[PDB]
Ligand code: HEC
Ligand code: HEC
Ligand code: HEC
Ligand code: HEC
């Protein structure tokens, strides 16, 4: 059994880095993010080679890193996708959780 790491993890593959905290996602099952691949939940970094390693922000295939982090209608919920659902009709929360600028993701 893997262990949830400590808060303050940096997602820094790009020029727009994001801090991910596990302690704020306790309500979400590990497997919802560290999703099955070949029938087993995979705990490798999302951008591991052969994973979401296409750094072209325009790509919409499963390989696209930007895509996996931001899109709706994806096989597993994206950061933004889940956050949208979470905020509901609350404009303040929408800003905080889904804003492109001045949000909890991107200052
Ligand atoms: C989505 C909301 C997540 C849930 C729920 C959990 N984790 Fe997570 N974890 C997530 C991210 C985006 C990252 C960073 C990965 C990257 O590419 O930077 C992590 C990181 C981990 C790690 C470290 C992996 C590494 O750096 O090699 C581990 C071991 C880990 N997470 C385990 C873990 C467990 C045990 C969880 C449930 C209790 C869990 N995660 C939930 C996103 C999300
Ligand atoms: C390689 C071993 C991977 C790792 C580590 C992570 N992902 Fe993944 N992801 C991978 C595949 C092969 C696929 C398709 C799975 C399938 O059954 O089709 C996915 C899919 C996604 C999706 C859906 C994309 C879409 O529908 O267009 C998302 C949103 C996603 N993956 C996100 C994600 C994140 C946040 C991860 C790190 C915590 C991560 N994946 C790890 C391969 C691999
Ligand atoms: C649902 C399946 C989620 C997914 C996938 C991810 N996040 Fe999330 N996030 C979720 C909830 C329910 C909450 C708390 C909402 C609240 O304010 O009440 C959060 C919160 C965040 C935050 C703010 C708190 C913090 O940890 O600073 C951030 C910055 C955040 N989430 C980032 C984030 C990223 C980078 C994700 C993809 C890798 C991601 N979330 C996925 C629910 C869900
Ligand atoms: C957290 C829930 C996010 C919010 C809200 C938005 N984005 Fe994001 N973004 C997120 C992550 C996890 C990442 C990758 C971090 C890393 O560097 O590893 C990003 C990155 C970007 C980038 C960089 C793309 C590139 O140069 O490769 C861009 C341009 C970006 N994000 C744009 C963007 C927009 C337009 C958003 C509103 C719709 C937005 N982000 C919100 C997570 C989060």
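All positions are counted from 1 along the displayed chain.
A Cβ is built for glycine as well, from the same backbone N, Cα and C atoms used for every other residue.
Among the candidates 22, 67, the residue that Swiss-Prot names alongside 30, 33, 34 for the heme c 1 site is 22. Per Swiss-Prot, heme c 2 is bound by 46, 51, 52; the candidate from 25, 35 named for the same site is 35. By neighbour count, meaning other C-beta atoms within 10 Å, the densest spot among the binding-site residues 25, 34, 35, 52, 70 is 52. For the pair formed by residue 51 (heme c 2 binding site) and residue 34 (heme c 1 binding site), distance between Cα atoms is given as 12 Å, rounded to the nearest Å. Those residues of the chain, other than 22, 30, 33, 34, with a C-beta within 8 angstroms of the mean position of the heme c 1 site C-beta atoms are 4, 25, 28, 29, 31, 32, 43.
Of the chain residues outside the heme c 2 site list 35, 46, 51, 52, 42, 44, 45, 47, 48, 68 have their Cβ within 8 Å of the site's Cβ mean position.
Looking only at the binding-site residues 33, 46, 79, 105, the densest Cβ neighbourhood within 10 Å occurs at 105.
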